[PDB]
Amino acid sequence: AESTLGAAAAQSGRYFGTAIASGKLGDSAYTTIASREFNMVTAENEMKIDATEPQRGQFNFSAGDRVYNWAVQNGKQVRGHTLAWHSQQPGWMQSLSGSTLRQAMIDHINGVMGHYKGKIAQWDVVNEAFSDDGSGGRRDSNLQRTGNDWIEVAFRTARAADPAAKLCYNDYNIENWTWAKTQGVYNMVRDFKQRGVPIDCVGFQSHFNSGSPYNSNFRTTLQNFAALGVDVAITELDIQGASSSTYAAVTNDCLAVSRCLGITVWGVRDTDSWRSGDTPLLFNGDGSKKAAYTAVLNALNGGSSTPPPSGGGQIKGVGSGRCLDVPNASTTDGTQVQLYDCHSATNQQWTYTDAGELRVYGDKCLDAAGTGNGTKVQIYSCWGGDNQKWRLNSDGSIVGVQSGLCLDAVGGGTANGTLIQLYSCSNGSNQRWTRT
């Protein structure tokens, strides 16, 4: 079922999930995508400390169960997030310290895991316990101030509460092997395994942005932890800008490590993101698939046999043999493109950007002035509009992110001068193109 992320992921024995917000489950557009694309669910906030234990000793699972129920009803496994954490603690817990806090921490773990016993695949037992100052030490929080052994205690408590669950330590900025934080978590996990402290997995949040960017050494980081005898999981994936290349790279890294269980993107649509401003997810506001969605799916399906055109390249249609060409190498906005015999000419050299654009001349974008059939495909100044973004389907077609339509040679004409338009996608040779 290589047509959806979850099913594609399943072809390598992995899962592909998302974070579900219970308040969005009544949104049909939202649930339609969520249910179809993922086979793993994480509650975005519903299973956190403040949501599950509002007052000390009083547990509440109405919010968490709404997410859980929806997940199982739709055939998805669930990752519990999160049991021990310095953030989003209910007021009563924030005011605790020392042994009083230590026991509350333990009491909380028993209460939540007990309620969900035998129903959770993975639990992020402890979340973000290391600092970002750069020395890879522990984050100073009320939890850490109860004693360095609090994490160990949390894991032992969790194991006893629900032995069927995989116990994960979850954190961010621990993807780049060169960062001190990453090495600090490694040493802790190694220490745990050596002394018999219960831990089965390490979750790498994977919140990538220009501040803490993706680095190919992520694969080694994954291998390094995997070699300690624990599984690894990409738990909260989102990339600032949503580079197609970066999304594909992350996917291939996980697929390269046998112990990488799966990938969870932190949200469904960009509009649902905790950082919508970074348009970091795979679907945009209107629910359409972004260029990065296609790159992720293709990556899950094993990628392509031959490497795409590195910088520049021509787009040749199979049912014509001609290359996508801008009439008379013009650079005037609003110029409808056409089919024409191939040759070395800039007005026939298109570049597919990580943003999903098909640029010509370096700053002119394949543009669609409309969303319906017949819409002329032209060139317009690049500005990032969804009508300037395209997805390159494995079947050789090129669909408009905004329109959902495919680049179509009018009347299936193959002769030179044949204009390009937007028409319902098919499989006709007048809609398939070959990178070169």
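Residue indices: 1-based, along the sequence shown. Between two forms, the rigid core is defined as the largest C-alpha subset superposing within 1.5 Å.
Please pick 90-98 or 156-164, whichever has its Cα atoms farther from the shown form in 5 other deposited structures of this protein after a rigid core fit. Of 90-98 and 156-164, the stretch deviating more in 5 other deposited structures of this protein is 90-98.
In 5 other deposited structures of this protein, rigid core aligned: more displaced of 236-244 and 295-303 by C-alpha RMS: Stretch with the larger root mean square C-alpha distance in 5 other deposited structures of this protein: 295-303.
Do at least a third of the other entries of this protein fail to model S276? Per the records, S276 is modelled in all the other entries.
Do a third or more of the other compared PDB entries fail to give coordinates for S310? Yes, left without coordinates in at least a third.
Tell me which stretch has the larger mean Cα B-factor in this entry, 86-94 or 322-330. Between 322-330 and 86-94, it is 322-330 that shows the higher mean C-alpha B-factor.
Decide which of the stretches 354-362 and 246-254 has the higher mean C-alpha B-factor, going by the entry. In the deposited entry, the stretch with the higher C-alpha B-factor mean is 354-362.
Between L405, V41, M47, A34, where does the Cα B-factor run highest in the record? Highest C-alpha B-factor among the listed options: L405.
By the entry's C-alpha temperature factors, tell me which of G211, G312, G229, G137 sits highest. Highest C-alpha B-factor among the listed residues goes to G312.
Based on the entry's values, in what third of the chain does the Cα temperature factor of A1 lie: lowest, middle or highest? Tercile = highest for this residue's CA B-factor.
Third assignment of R79 from its chain's C-alpha B-factors: Ranked within chain, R79 CA B lands in the lowest tercile.
Tell me, lowest, middle or highest third: where does the Cα B factor of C260 rank within its chain? Its C-alpha B-factor, which the entry lists for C260, ranks in the lowest third among residues of this chain.
Using the B-factor values recorded in the entry, state whether the Cα atom of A409 falls in the lowest, middle or highest third among the modelled residues of its chain. Tercile = highest for this residue's CA B-factor.
Based on the deposited C-alpha B factors for this chain, I'd like to know if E53 is in the lowest, middle or highest third. Bottom third by C-alpha B-factor.
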